[PDB]
Amino acid sequence: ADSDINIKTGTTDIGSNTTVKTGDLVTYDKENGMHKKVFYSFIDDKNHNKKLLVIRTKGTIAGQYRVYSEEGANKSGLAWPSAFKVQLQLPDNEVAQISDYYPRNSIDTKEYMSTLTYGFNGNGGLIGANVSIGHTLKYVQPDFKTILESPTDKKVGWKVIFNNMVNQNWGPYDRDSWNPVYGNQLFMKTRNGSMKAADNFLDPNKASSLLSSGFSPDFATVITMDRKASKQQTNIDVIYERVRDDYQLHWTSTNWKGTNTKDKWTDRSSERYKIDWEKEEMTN
Amino acid sequence: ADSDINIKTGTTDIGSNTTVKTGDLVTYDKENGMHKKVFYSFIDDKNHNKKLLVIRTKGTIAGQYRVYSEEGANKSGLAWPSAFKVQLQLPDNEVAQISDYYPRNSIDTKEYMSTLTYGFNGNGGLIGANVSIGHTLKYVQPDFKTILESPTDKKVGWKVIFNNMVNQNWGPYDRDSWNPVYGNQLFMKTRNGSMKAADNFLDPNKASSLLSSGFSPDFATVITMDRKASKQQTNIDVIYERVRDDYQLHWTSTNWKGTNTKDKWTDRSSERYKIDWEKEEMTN
Amino acid sequence: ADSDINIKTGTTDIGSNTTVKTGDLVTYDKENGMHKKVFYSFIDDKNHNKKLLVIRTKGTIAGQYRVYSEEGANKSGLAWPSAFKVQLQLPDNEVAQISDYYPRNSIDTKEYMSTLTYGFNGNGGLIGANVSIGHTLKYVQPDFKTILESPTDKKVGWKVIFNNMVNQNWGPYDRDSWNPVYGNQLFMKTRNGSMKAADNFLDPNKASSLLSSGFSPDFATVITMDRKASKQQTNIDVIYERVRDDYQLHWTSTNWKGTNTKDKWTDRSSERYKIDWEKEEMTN
Amino acid sequence: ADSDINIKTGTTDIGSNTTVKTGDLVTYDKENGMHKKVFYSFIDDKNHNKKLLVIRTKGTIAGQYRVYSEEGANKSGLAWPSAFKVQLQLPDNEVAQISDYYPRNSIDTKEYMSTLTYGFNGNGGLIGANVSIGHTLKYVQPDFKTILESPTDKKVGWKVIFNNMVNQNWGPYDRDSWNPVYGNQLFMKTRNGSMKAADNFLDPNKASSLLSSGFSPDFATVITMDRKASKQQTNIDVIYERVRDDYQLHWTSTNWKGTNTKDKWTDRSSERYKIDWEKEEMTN
Amino acid sequence: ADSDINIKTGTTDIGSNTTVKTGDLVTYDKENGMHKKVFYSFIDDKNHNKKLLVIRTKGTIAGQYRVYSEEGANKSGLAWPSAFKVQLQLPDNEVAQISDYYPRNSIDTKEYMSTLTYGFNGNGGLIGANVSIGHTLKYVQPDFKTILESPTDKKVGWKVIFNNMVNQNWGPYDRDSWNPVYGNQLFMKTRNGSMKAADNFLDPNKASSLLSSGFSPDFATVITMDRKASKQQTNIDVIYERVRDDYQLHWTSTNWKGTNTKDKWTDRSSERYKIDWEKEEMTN
Amino acid sequence: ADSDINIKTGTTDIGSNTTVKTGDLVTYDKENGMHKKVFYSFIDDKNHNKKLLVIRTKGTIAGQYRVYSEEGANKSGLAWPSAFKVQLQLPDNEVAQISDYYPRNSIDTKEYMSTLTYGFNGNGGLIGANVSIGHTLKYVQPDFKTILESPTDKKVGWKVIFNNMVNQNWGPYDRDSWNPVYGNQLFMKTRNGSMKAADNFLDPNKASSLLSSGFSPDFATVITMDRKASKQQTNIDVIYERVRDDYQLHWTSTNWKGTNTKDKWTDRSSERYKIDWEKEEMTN
Amino acid sequence: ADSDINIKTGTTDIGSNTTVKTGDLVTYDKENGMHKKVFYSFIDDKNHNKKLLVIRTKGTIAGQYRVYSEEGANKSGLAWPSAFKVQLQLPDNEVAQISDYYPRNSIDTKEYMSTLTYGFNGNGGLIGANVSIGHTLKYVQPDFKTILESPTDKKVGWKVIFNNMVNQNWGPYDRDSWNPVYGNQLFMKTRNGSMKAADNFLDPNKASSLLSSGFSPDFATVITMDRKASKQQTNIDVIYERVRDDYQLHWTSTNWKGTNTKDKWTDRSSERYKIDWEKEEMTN
């Protein structure tokens, strides 16, 4: 892009020959098991008109993939995290504004084709099967899709939701995955087994790593502030969320039918913060 | 290209050993939900005869993918954005001129072939089926095609229109996608379901990310101005648009037939701007 | 190549530790809708015996893809650009000479093979079907082929002609694409439709981007001049062309048969220019 | 990411123009055969508010893949390592905190498709076989999955567990791999052989290299400490583990049926360590 | 290679910290339409014992792809270039010697294996069909093969000959391509057409770009000379060739049979040159 | 990894702004035909607490692929090297310790999924053929697998053993490769031939290059030593091994049955060495 | 490797901040048509204990692919080069030793798995067809294999032998390629033709480029010498070889059967040389 306009590389960039102020803020949630890391770097480029503070939202959010409760030798349920979210918010009254953020929403690329279709040899003719022709396509489906919640001048949000999961190397089961005979098969182990329901749950290790241990954010954001602002201080609200579902399962005495509610429980490890732009330091 | 003429890399470039002026202008639309970011960098290279101001049109445009209205337990509609556009315009009287822009329109590459065709073994002969031979091809179709509206010395425009969308992992449905029995199936959930029409709409998360939250421009442009101009100031008109369609659906008591009008509503978050070339600053 | 002779990289290059003169010339065609950009960079390397001026032919040429005329509810035509050309010419009397140019004409790579052929099991024998064996191949066909018109010491020409186009994801139709029953199907929408012919044309957005808006040159050239020339000035003739065709269509009351003439109309946005080698500046 | 916000590369980084202190600590387990390497590098960047000590956990853990015992000409067993783990722990009372770690848990990418499905030619119709359509998919399964145990402010853990193994180039056998007739076939050599059971074990060289010799960690971690801490010293607990299983096998006089217990034995080469932050040295 | 011996990159190279002399020689053939470009760069490295002059043979050779003559409404011919050659020669008496040249002759890589062959189920047995097994292979065939004519201390030659060409996307026709019924089909348009033979020739644009306009050399060579030579001057003979064939065609009143002679005509734009090693300049 | 923690590249590295001592030790085995090369480089980084001497084990080990003996017109054998090994050892009493080594043992990656399996159309149902489903898989098998012998604080060992070999482009024969009718076919030429057995051996050139000439180590190791050690000297034991097998073959008057013993003969070109850490030199 | 031990790149290398002596030696064989180029670069690194002279064996060896003799209208032969070899030798008495060489012998990588095999549906059972299962495999076979002759402290040799060749795009014929009916088909043109045998030979241009013109070595070697040697001079013996075969062919009056002898003739362009290590110059 930059070099495509024949501009020398790095000419239209920022963060050079200046004294920046980085930092390190670490916080842990003893109850929800959520790790927090908001590594920052203040930018005060002279050529750049406004101030900057690139916010790197590191850390991790645990999974808590465990059997929360059992209700008999044939009935039991499991709670698993379904959507880790980070909706950072900035108070309206503050003049500070979000101006750039990564990741973002990118186009999804398909690859469609057509193999063979003709009216044979021995054989007005506007059959409806004209769409019933070669339809070869291809694309990929990551199990967790890092979406970007539609931001604004105040709130920048992300949502890493559950797309689908493969079980027993058979069927890309998703958040609904309903089979009338067997119910849902998201984390099943035996279809017609007679084992204990609490113990008849798919092993967390042989599944996606995100569910078992957790997920680690690596998202980034920059907030821009007027250089001539009287008060060089704002409020950063960091919010780590989790959406546990209720993947219940019961034995119909013939096969195991399971039902999963949507967003049964939520967690919110919100945390206030203060930015000392004058000191170019994010106070803990 | 440059090195292919044996020129040393970077010799025929601009933006070196000079003092450039960058900046930051952020604006948000409280009603249309449109974000605006026009990050700029003034260029005043001595070897280069004219002035420059590379305009980087960042920001985002929301999607507003929601059920706008319902008209009964069997009839309802949805409004979804179809074409985000950025048609920046510059007044005619101003001597400032656009000279380069990215992205542009690139050639589309196919890959055609032929598998097998012959007159068997046991078998003048100019059958019409000579085109009915091996026709294997391959290419890709992004769901949103970032077109470049044919620019001029004043107006440089872009249009990120909707190419197609895949639903239920079955059929690359597009802006027309008409099936006489079922109507349009762009965002359907159940074909023969009996659920509420307002609630019988495909979930925004399991679709393209652009529709749900929105789309973020990353387009760039440069306007060149005479170095000996008496008045070192022009007018930049930044325009963010959206084209919501009207994807209604109704139950024929047998199956759900939906119709989508074209360009039912539009939005235009136009914004005047002033460039202080003398100050090498884009005033807010 | 250079390093293959064990020469240090960049040793046999030009454009280093010297003062070059770049520039910017912008011009627009109010009638033909053609943009012009001849970004230049003068080279006066001391080690290099001759002078240089690398000419970068940027800009764009509009498409003007519109329904030029209609001749009844069943007969109508469309004019679409078929070959954008840039034939720069330099007057013969001038000693200035072209010496290098990019792009050029490159070899086309096929990939041929053979799957299976044998005289079975139960089965002198020099059948003509010895060529009727495994014939698997593969290669790519870009829709617009940037050819290099055979240059000389005076004229360097390019021609970006139309190779083929895919319609309805069915058939790589080309500049002739004749089917006796249906005529030409380059930009058809309905084969047996009853809609208005002027409105029965394939949408420009769902086709190649070049036809709808236009095409943007990025070609480059260098002209070399004697360093001891008495008159340090020549004449650059920049020429942007377009070849609109006449893709008419008519309804045979059974199906739509269309005919496309070849090179029905042309445009030539020729422009004289003057090079001030003494000033190392391209005067507008 | 960094350059996507147009920041100059390396601007938002640490570890520059400062005097760091590296080191080398080597320790070996004469009994368990575990190698230990905790290569370290102290960081005291002035711009960075806190202290750092990036911990590189090199070394190796042997496999001890040998026939531990035999119980007759037809019955014998083998002990093989199933899960190498490194759960470094830091005492709670110490203010030192973990802030970043690599590797982490990444999304798993599938690639799903659909080949062909239609209601033929000669042939309401809501068959249950609508999911019985083209389901072409592909992905990769590494035999050892480097998982990241859900960390916290004190404990950062890893677990390189056994995913699956291919035997005789036939069947991706895993940790359960139960066939009722033949039992488990993880490390079998002959299915209906009459050879000695202790000698009827798959050769360690023609299997995964990890089991035979061992596995070498290359994991990394950084602990951050308050710069104004009164006591500049903490306690690093490095722990190398192993989980030997009991892959026994017996001859049923017709075929060899083997059973593998889960986590029969474990090893823990825990090692206390002391960090002299004042000296910027990790004492052995 | 160099770094594989642990040598620092660039240590065993030439052309550093020295004053080289480049240049520019341009010449055009007003009759044969051949462009000549012998861009040069003198090398006088002190560490290197001998002198150098790396010769870069740029320029182009036209195609002259036109209907040379017609001999009736059914008989006509076409002349097309078949082998562009550059055989640079240096006089024997001169002590100057060629020492390195690019391109060179490289190995051709195949990729072969077997799919399936077995003696079925129901079925000494040394059938001759043991070679009639899986023969899947793959490789590529460029249409023009840049061969390196076997050089010597005096003559360094190249030959870019015609390998094959694809017509009508059907059959990789080559320099012989004989079919008894239809003759040769190298540049045919209609097999059983009744159109004028002079006009019944494949369009040059829809074929390889080399034939229509021409081909551009980019070959390189270096000649090494004794540093203590009394006479610091030699003679460079640059030779650009072309081999037009005679692709005639005639109508047998049933189908068009064409014959192509081999090397019917040739062209030789030889050019003497003088090297002033003392001046480190290639005089025109 | 390093940059993933946002550390500047090269910050956590060693071997900079210091004076290192390299060297060159060459030795050849006149009898076993083993070449020895232990290229070294002493490291004395001030920031690094300990000393270093990176040991690069270059050289080669011959193959000696020849017909060692013949025992009649129908019986003969061949000796071929099966496992080149380099087990460097360091005496226990010496405080010097191995701390890092490359290559190491890496995970093996498969690629598995399913094509198609269903219960047809016209057709409780827990058939054992549920594993008999789409089992498409693929991976690579190098013929010589560079394993890493499980090291310790004293001995670091490698073993490049024979995985498999392809003969006659038919069958990936391995170290056992037993066919009851034909015996082993590792290096056979004719299955039912009548030629001399000593001459009926597969040509060494049309096989793997390692067997014919030999194999060249490129392995590396580093030993770390206490900086405050009283005696700055240890003993490096370099050992190059070879494991010739006995691939005999005999004619059963119908077909050639061959047998290959395991590890029939071995060679050990052990060599003592002395490191003068004080001189920073490896004495020959 | 180097950076894998966390060593800074280039730390354990040679050839830096020192004055090296390159050179240029050119020689041509007027009879055998062999070019000779032994480009050299002396290395005298102070840190490195020994001396160095990296030998780059450039040049070329002609092919002489011509019809050597004809013996009747039906019988004729062709001589073609089969194995270009470079066996450089150094006299035993000289202390100079070879220590590193490129290219070397590398492992060959296959890619094998199974597609489908099962005992059907309607169908102890240890059939011999258990090896008759999915055997999909793939790998590459270059036509000329650059082998490394097993070197020693004195002689370093290479051998670029003929692997196979494809004729008529049908069959990868090799050095034996015997078919009883047609004989050898290495360079045949017509199988049942009646043309002159001397003229019935495959055209050299439509075959591998190596045979027609020749092959160009690019091999490299380094010889190391004691720095304290009394006599700083040795003897380099450069040897370029060729192995012409005798590919005769005769007409059996039904088909053309050809026989090719092995190594019928050889050539040896040996050349003595002298190294002046004191002068750091390779005298011609």
# chains A, B, ... in the order shown; residues from 1 in each chain; ligands from 1

call {"tool": "interface_residues", "arguments": {"of": "chain G", "to": "chain D", "cutoff": "10 Å", "atoms": "only C-alpha atoms", "output": "number ranges by chain"}}
result
G: 4-6, 112-114, 124, 126, 133

call {"tool": "residues_around", "arguments": {"residues": "residue 272 in chain A", "least_positions_apart": "6", "cutoff": "8 Å", "atoms": "only C-alpha atoms", "output": "NGL selection string"}}
result
:A and (235-238)

call {"tool": "closest_residue", "arguments": {"among": "A:156, A:14, A:166, A:210", "to": "residue 90 in chain A", "atoms": "only C-alpha atoms"}}
result
A:156

call {"tool": "select_by_dssp", "arguments": {"residues": "range 11-164 of chain A", "states": "strand (DSSP E)", "output": "PyMOL selection string"}}
result
chain A and resi 21-22+26-28+34-37+40-43+51-62+66-70+75-79+83-88+97-102+109-110+141-142+144-149+156-162+164

call {"tool": "residues_around", "arguments": {"residues": "residue 71 in chain C", "least_positions_apart": "4", "cutoff": "12 Å", "atoms": "only C-alpha atoms", "output": "JSON, numbers by chain"}}
result
{"C": [67, 75, 76, 77, 78, 196, 197, 198, 248, 249, 250, 251]}

call {"tool": "write_last_selection", "arguments": {"atoms": "N, CA and C atoms", "output": "PDB file, in the first residue's frame"}}
result
ATOM      1  N   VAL C  67     -25.507   1.289 -21.143  1.00  0.00           N
ATOM      2  CA  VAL C  67     -26.369   1.010 -22.287  1.00  0.00           C
ATOM      3  C   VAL C  67     -26.405   2.239 -23.183  1.00  0.00           C
ATOM      4  N   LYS C  75     -34.898  -5.245 -28.839  1.00  0.00           N
ATOM      5  CA  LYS C  75     -33.573  -5.022 -29.397  1.00  0.00           C
ATOM      6  C   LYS C  75     -32.879  -3.889 -28.653  1.00  0.00           C
ATOM      7  N   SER C  76     -31.634  -4.133 -28.247  1.00  0.00           N
ATOM      8  CA  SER C  76     -30.836  -3.143 -27.536  1.00  0.00           C
ATOM      9  C   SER C  76     -29.370  -3.536 -27.628  1.00  0.00           C
ATOM     10  N   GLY C  77     -28.492  -2.583 -27.305  1.00  0.00           N
ATOM     11  CA  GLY C  77     -27.066  -2.807 -27.374  1.00  0.00           C
ATOM     12  C   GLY C  77     -26.347  -2.194 -26.186  1.00  0.00           C
ATOM     13  N   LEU C  78     -25.087  -2.599 -26.026  1.00  0.00           N
ATOM     14  CA  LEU C  78     -24.243  -2.107 -24.948  1.00  0.00           C
ATOM     15  C   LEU C  78     -22.837  -1.895 -25.489  1.00  0.00           C
ATOM     16  N   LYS C 196     -37.264  -6.454 -20.719  1.00  0.00           N
ATOM     17  CA  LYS C 196     -36.787  -5.431 -21.642  1.00  0.00           C
ATOM     18  C   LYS C 196     -35.319  -5.657 -21.981  1.00  0.00           C
ATOM     19  N   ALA C 197     -34.995  -5.566 -23.275  1.00  0.00           N
ATOM     20  CA  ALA C 197     -33.632  -5.831 -23.727  1.00  0.00           C
ATOM     21  C   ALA C 197     -32.641  -4.834 -23.142  1.00  0.00           C
ATOM     22  N   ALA C 198     -33.023  -3.555 -23.081  1.00  0.00           N
ATOM     23  CA  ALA C 198     -32.142  -2.546 -22.503  1.00  0.00           C
ATOM     24  C   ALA C 198     -31.851  -2.841 -21.039  1.00  0.00           C
ATOM     25  N   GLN C 248     -24.582  -5.757 -29.148  1.00  0.00           N
ATOM     26  CA  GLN C 248     -26.026  -5.667 -29.280  1.00  0.00           C
ATOM     27  C   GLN C 248     -26.665  -7.011 -28.954  1.00  0.00           C
ATOM     28  N   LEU C 249     -27.964  -6.974 -28.679  1.00  0.00           N
ATOM     29  CA  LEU C 249     -28.721  -8.200 -28.488  1.00  0.00           C
ATOM     30  C   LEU C 249     -30.149  -7.968 -28.953  1.00  0.00           C
ATOM     31  N   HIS C 250     -30.762  -9.032 -29.462  1.00  0.00           N
ATOM     32  CA  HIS C 250     -32.126  -8.974 -29.955  1.00  0.00           C
ATOM     33  C   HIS C 250     -32.837 -10.257 -29.560  1.00  0.00           C
ATOM     34  N   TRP C 251     -34.157 -10.167 -29.437  1.00  0.00           N
ATOM     35  CA  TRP C 251     -34.982 -11.304 -29.052  1.00  0.00           C
ATOM     36  C   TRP C 251     -35.541 -11.941 -30.319  1.00  0.00           C
TER      37      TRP C 251
END

call {"tool": "residues_around", "arguments": {"residues": "residue 27 in chain F", "least_positions_apart": "6", "cutoff": "10 Å", "atoms": "only C-alpha atoms", "output": "list in words"}}
result
residues 34, 35, 36, 37, 38, 59, 271 and 284 of chain F; 97, 98, 99, 152 and 153 of chain G

call {"tool": "closest_residue", "arguments": {"among": "E:1, E:186, E:26, E:54", "to": "residue 13 in chain C", "atoms": "only C-alpha atoms"}}
result
E:54

call {"tool": "closest_residue", "arguments": {"among": "D:159, D:15, D:89, D:138", "to": "residue 47 in chain D", "atoms": "only C-alpha atoms"}}
result
D:15

call {"tool": "select_by_dssp", "arguments": {"residues": "range 8-223 of chain E", "states": "alpha helix (DSSP H)", "output": "MDAnalysis selection string"}}
result
chainID E and resid 209:212

call {"tool": "write_last_selection", "arguments": {"atoms": "C-alpha atoms", "output": "compact mmCIF listing (two decimals), in the first residue's frame"}}
result
# COMPACT_ATOMS: atom_id res chain seq x y z
CA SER E 209 2.92 -13.13 -26.70
CA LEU E 210 6.40 -13.98 -28.02
CA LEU E 211 5.22 -14.75 -31.55
CA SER E 212 3.07 -11.64 -32.02

call {"tool": "residues_around", "arguments": {"residues": "residue 267 in chain A", "least_positions_apart": "6", "cutoff": "7 Å", "atoms": "only C-alpha atoms", "output": "PyMOL selection string"}}
result
chain A and resi 241-243

call {"tool": "write_last_selection", "arguments": {"atoms": "C-alpha atoms", "output": "PDB file, in the first residue's frame"}}
result
ATOM      1  CA  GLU A 241     -16.070 -12.281  30.437  1.00  0.00           C
ATOM      2  CA  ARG A 242     -17.042 -15.928  30.091  1.00  0.00           C
ATOM      3  CA  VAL A 243     -20.302 -17.597  29.034  1.00  0.00           C
TER       4      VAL A 243
END

call {"tool": "atom_distance", "arguments": {"atom1": "CA of residue 226 in chain C", "atom2": "CA of residue 16 in chain C"}}
result
20.0 Å

call {"tool": "atom_distance", "arguments": {"atom1": "CA of residue 172 in chain G", "atom2": "CA of residue 139 in chain E"}}
result
11.9 Å

call {"tool": "atom_distance", "arguments": {"atom1": "CA of residue 216 in chain B", "atom2": "CA of residue 107 in chain A"}}
result
10.8 Å

call {"tool": "residues_around", "arguments": {"residues": "residue 174 in chain E", "least_positions_apart": "2", "cutoff": "7 Å", "atoms": "only C-alpha atoms", "output": "list in words"}}
result
residues 163, 164, 165, 172, 176 and 177 of chain E

call {"tool": "closest_residue", "arguments": {"among": "A:131, A:86, A:148, A:95", "to": "residue 62 in chain B", "atoms": "only C-alpha atoms"}}
result
A:148

call {"tool": "decode", "arguments": {"residues": "range 218-271 of chain D", "atoms": "C-alpha atoms", "output": "PDB file, in the first residue's frame"}}
result
ATOM      1  CA  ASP D 218      11.769 -25.526  24.718  1.00  0.00           C
ATOM      2  CA  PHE D 219       9.083 -23.690  26.673  1.00  0.00           C
ATOM      3  CA  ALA D 220       9.521 -20.115  27.883  1.00  0.00           C
ATOM      4  CA  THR D 221       8.112 -17.900  30.632  1.00  0.00           C
ATOM      5  CA  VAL D 222       8.619 -14.421  32.082  1.00  0.00           C
ATOM      6  CA  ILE D 223       7.980 -13.414  35.695  1.00  0.00           C
ATOM      7  CA  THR D 224       7.509  -9.728  36.506  1.00  0.00           C
ATOM      8  CA  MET D 225       8.402  -8.167  39.844  1.00  0.00           C
ATOM      9  CA  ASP D 226       7.765  -4.776  41.420  1.00  0.00           C
ATOM     10  CA  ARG D 227      10.760  -2.487  40.950  1.00  0.00           C
ATOM     11  CA  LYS D 228      10.290  -0.977  44.438  1.00  0.00           C
ATOM     12  CA  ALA D 229      10.131  -4.313  46.284  1.00  0.00           C
ATOM     13  CA  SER D 230      12.062  -4.367  49.560  1.00  0.00           C
ATOM     14  CA  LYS D 231      13.256  -7.966  49.098  1.00  0.00           C
ATOM     15  CA  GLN D 232      14.591  -8.552  45.592  1.00  0.00           C
ATOM     16  CA  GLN D 233      14.471 -12.351  45.817  1.00  0.00           C
ATOM     17  CA  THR D 234      11.890 -15.089  45.182  1.00  0.00           C
ATOM     18  CA  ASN D 235      11.784 -18.876  44.782  1.00  0.00           C
ATOM     19  CA  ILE D 236      11.533 -20.666  41.426  1.00  0.00           C
ATOM     20  CA  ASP D 237      10.285 -24.261  41.591  1.00  0.00           C
ATOM     21  CA  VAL D 238      11.149 -26.136  38.396  1.00  0.00           C
ATOM     22  CA  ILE D 239       9.321 -29.448  38.055  1.00  0.00           C
ATOM     23  CA  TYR D 240       9.889 -32.043  35.327  1.00  0.00           C
ATOM     24  CA  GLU D 241       7.405 -34.916  35.352  1.00  0.00           C
ATOM     25  CA  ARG D 242       6.672 -38.131  33.483  1.00  0.00           C
ATOM     26  CA  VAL D 243       3.651 -40.454  33.386  1.00  0.00           C
ATOM     27  CA  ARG D 244       4.677 -44.031  32.602  1.00  0.00           C
ATOM     28  CA  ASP D 245       1.805 -46.323  31.650  1.00  0.00           C
ATOM     29  CA  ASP D 246       1.562 -50.118  31.986  1.00  0.00           C
ATOM     30  CA  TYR D 247       1.113 -51.537  28.481  1.00  0.00           C
ATOM     31  CA  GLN D 248       0.876 -55.236  29.293  1.00  0.00           C
ATOM     32  CA  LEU D 249       0.048 -57.936  26.777  1.00  0.00           C
ATOM     33  CA  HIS D 250      -0.947 -61.584  27.018  1.00  0.00           C
ATOM     34  CA  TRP D 251      -1.483 -64.402  24.535  1.00  0.00           C
ATOM     35  CA  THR D 252      -5.017 -65.806  24.442  1.00  0.00           C
ATOM     36  CA  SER D 253      -3.479 -68.780  22.573  1.00  0.00           C
ATOM     37  CA  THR D 254      -5.228 -67.394  19.490  1.00  0.00           C
ATOM     38  CA  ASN D 255      -4.225 -63.720  19.357  1.00  0.00           C
ATOM     39  CA  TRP D 256      -2.378 -61.217  21.534  1.00  0.00           C
ATOM     40  CA  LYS D 257      -4.703 -59.086  23.671  1.00  0.00           C
ATOM     41  CA  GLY D 258      -3.056 -56.203  25.508  1.00  0.00           C
ATOM     42  CA  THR D 259      -4.333 -53.809  28.165  1.00  0.00           C
ATOM     43  CA  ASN D 260      -2.859 -50.426  29.117  1.00  0.00           C
ATOM     44  CA  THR D 261      -3.614 -48.882  32.494  1.00  0.00           C
ATOM     45  CA  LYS D 262      -3.783 -45.106  32.845  1.00  0.00           C
ATOM     46  CA  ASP D 263      -1.104 -43.242  34.808  1.00  0.00           C
ATOM     47  CA  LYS D 264       0.240 -46.338  36.565  1.00  0.00           C
ATOM     48  CA  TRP D 265       3.404 -44.552  37.729  1.00  0.00           C
ATOM     49  CA  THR D 266       4.672 -40.973  37.853  1.00  0.00           C
ATOM     50  CA  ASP D 267       7.973 -39.180  38.415  1.00  0.00           C
ATOM     51  CA  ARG D 268       8.663 -35.700  39.757  1.00  0.00           C
ATOM     52  CA  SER D 269      12.152 -34.167  39.521  1.00  0.00           C
ATOM     53  CA  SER D 270      11.210 -31.034  41.436  1.00  0.00           C
ATOM     54  CA  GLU D 271      14.007 -28.558  42.108  1.00  0.00           C
TER      55      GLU D 271
END
